[PDB]
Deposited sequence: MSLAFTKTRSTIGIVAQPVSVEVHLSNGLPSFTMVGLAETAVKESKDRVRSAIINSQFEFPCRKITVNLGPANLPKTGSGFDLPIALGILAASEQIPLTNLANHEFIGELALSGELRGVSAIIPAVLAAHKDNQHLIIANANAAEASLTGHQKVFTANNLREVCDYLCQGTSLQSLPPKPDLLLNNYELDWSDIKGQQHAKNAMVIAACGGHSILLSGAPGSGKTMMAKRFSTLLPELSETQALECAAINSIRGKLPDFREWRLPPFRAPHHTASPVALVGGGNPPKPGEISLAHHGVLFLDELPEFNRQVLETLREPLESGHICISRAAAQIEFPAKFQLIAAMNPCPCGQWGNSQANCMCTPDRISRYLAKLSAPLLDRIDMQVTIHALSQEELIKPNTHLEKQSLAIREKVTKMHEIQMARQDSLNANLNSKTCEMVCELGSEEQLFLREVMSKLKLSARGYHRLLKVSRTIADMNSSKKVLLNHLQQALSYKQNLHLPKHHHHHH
């Protein structure tokens, strides 16, 4: 027969929607109809495919060629449809045995020499192909991007002849290159209490507010914090890489498994810091996925932008919807905020500037003082690295909390929060007494319980103790 089927993937936003390239060589006169809502592949892929096939010592059908791309009601954007179309034409013309086209995808754009150039935003395609247990044969120019995954059964090719031989024959095509922290917690000299609070915050996945005078080192703590976080798992690292390449370029292989850290400037722009429209562009909120987001000088952020942060903090994703489409763009980040503890009624106005809806779901608050000149001038003779052991500790604590349930201590709800904390009478009377002394709100009490559970788990205690609650109180409260 003269009917062939091929597979590829079109990237809209962050998802790679599967496409089904269908070629049917009729018996009429030379034609190359390309039905399916292609925009720039319509009249351009035709000539590139023709020349690439001819120059690779192949017969180009002298027939009526009809190419139908995937779902009809789906615009198709990229230029990587030249390789699937060329292979479909060859299969339909019997120059390739089509019995071996079932399990393989194809992505790439063909030059006029038959060579394979490199398309953009390829890692999402690799993810989708591996998820479906399909071989993904890409151009050599994308070998660097594809090698991050190290997924087996993926290959790369130099030109079309290499792929045609890999299909007709079984020659190994190219495979992939095997797999082509510097700050450390130690640099934070003599802060003690704040460092320990940040350590337990990392261990519990809590969000922490850093209040202190200017030049106290808040930004340094935020920058060094990401060393605490455990190295991203393979799947999380691949998700981060996918969200990255949608924007272009990849200076990876030195940090590809270190959690992201974003510190948007307090001016920024709502569309940039939150999602993105037009062709869906992830915002600074989304590049922090599985990582840390540092909102420096929180009050100077406009409340309108901060109001949107309530969605991703609670859902783990942020969907931005336009008249055209709405995309997922996961935003499962960990928040860190910084703010000056006010300089009079000016203090009241300053605290009024801040967005209560966001500040009420920040699980922690630590006050930072300027350094002691004795420690500031003393040398960093205590150069022993320590972030390594703390990272292993955080891994252990997160594993415990996952063992309890899929929700970290930071994401427990009221019912599960009360069910997981033992909260015996011994601690209950003290808790009632303190609440009588200081009037915590409904959610402040549960934040206190969550932080107390984090501390208790850190100490390996099977149950929350009064000492743990007394410790958690110090890291509790908002503002003065």
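Chemist: What residue ranges of the deposited sequence are absent from the coordinates?
Modeler: Missing from the model are residues 181 to 186, 350 to 363, 501 to 509.
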